[PDB]
Amino acid sequence: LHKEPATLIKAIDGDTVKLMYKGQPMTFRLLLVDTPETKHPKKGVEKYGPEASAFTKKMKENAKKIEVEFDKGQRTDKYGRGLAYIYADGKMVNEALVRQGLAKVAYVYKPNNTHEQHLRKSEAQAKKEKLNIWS
Ligand SMILES: Cc1cn([C@H]2C[C@H](OP(=O)(O)O)[C@@H](COP(=O)(O)O)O2)c(=O)[nH]c1=O
Ligand SMILES: [Ca+2]
């Protein structure tokens, strides 16, 4: 796997962002995580939804460098969103959210699970500390 630069266009929510990738505006969906929904009516504004978005937003807006890291499988989901591990100044946003109890490790679709254990460990740590989602 390798990191590729991307430029923030707009953070949509905690796990979905619009990035300029290879001079192309693209919506990216954070691999292996699920931040609470703030959009979809069928889900409603979920607890920590807002917090997860602010977090991603903040992390990404304050970053000097944004990098996208595709996994070994599909790079896009059925919605056409790029599936990556996104890094803000070398910090994986996916993990950052999980570690904070702002996302749960979800949608682990092999073989796009390269950092699953990593994220799982951070999630365990967040549950362990009863952070946000786990509080
Ligand atoms: C993270 C991720 C989401 N998705 C799909 C699973 C869900 O489809 P459905 O929308 O049909 O439930 C949806 C979850 O994304 P969101 O959390 O943005 O809703 O996106 C993938 O297909 N692959 C992935 O790796
Ligand atoms: Ca989500």
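For the numbers below, each heavy atom of this structure counts, side chains included, while hydrogens, waters and symmetry mates do not. We number each residue from 1, following the sequence as shown.
- Applying the salt bridge (charged side-chain N to carboxylate O under 4.0 Å, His left out) rule to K104 yields the partners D34; only residues at least two apart in sequence or on another chain are considered.
- Shown here is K91, whose NZ atom has no more than 12 heavy atoms of other residues, nucleotides or ligands within 6.0 Å.
- Rounded to the nearest 0.5 angstrom, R81 CZ and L31 CG are separated by 11.0 Å.
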Under 3.5 Å, side-chain donor or acceptor atoms of residues 57-66 against the rest of the protein: list the pairs with distances, not counting sequence neighbours.
residue : atom : partner : partner atom : Å
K58     : NZ   : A54     : O            : 3.3
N62     : ND2  : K58     : O            : 3.3

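- In this structure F28 satisfies the ring-ring contact (aromatic ring centres under 6.0 Å, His included) test together with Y21, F70, sequence neighbours excluded.
- The existence of a salt bridge linking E37 and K42 is excluded, since no basic side-chain nitrogen approaches an acidic carboxylate oxygen closer than 4.0 Å.
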Please test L119 against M92 for side chain to side chain contact (heavy atoms under 4.5 Å, CB included), starting from the C-alpha separation and ending with a verdict. CA-CA 10 Å; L119 303 185; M92 200 200 298; 4.1 Å; yes
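- The line from OG1 of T7 to CD of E67 is 11.0 Å long, rounded to the nearest 0.5 Å.
- Although no hydrogens or angles enter the test, the distance criterion places a donor-acceptor pair under 3.5 Å between the side chain of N112 and the main chain of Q74.
- Counting heavy-atom neighbours within 6.0 Å of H2 NE2, excluding the residue itself, gives a total of 12 or less.
- Atom CG of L83 and atom CG of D71 lie 9.5 Å apart (nearest 0.5 Å).
- The aromatic rings of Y107 and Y109 sit tilted relative to each other, their planes meeting at an angle between 30° and 60°.
- Contact check on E129 versus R99 returns a salt bridge, with a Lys/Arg side-chain nitrogen under 4.0 Å from an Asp/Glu carboxylate oxygen.
- A side-chain donor-acceptor contact under 3.5 Å links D77 to the backbone of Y79.
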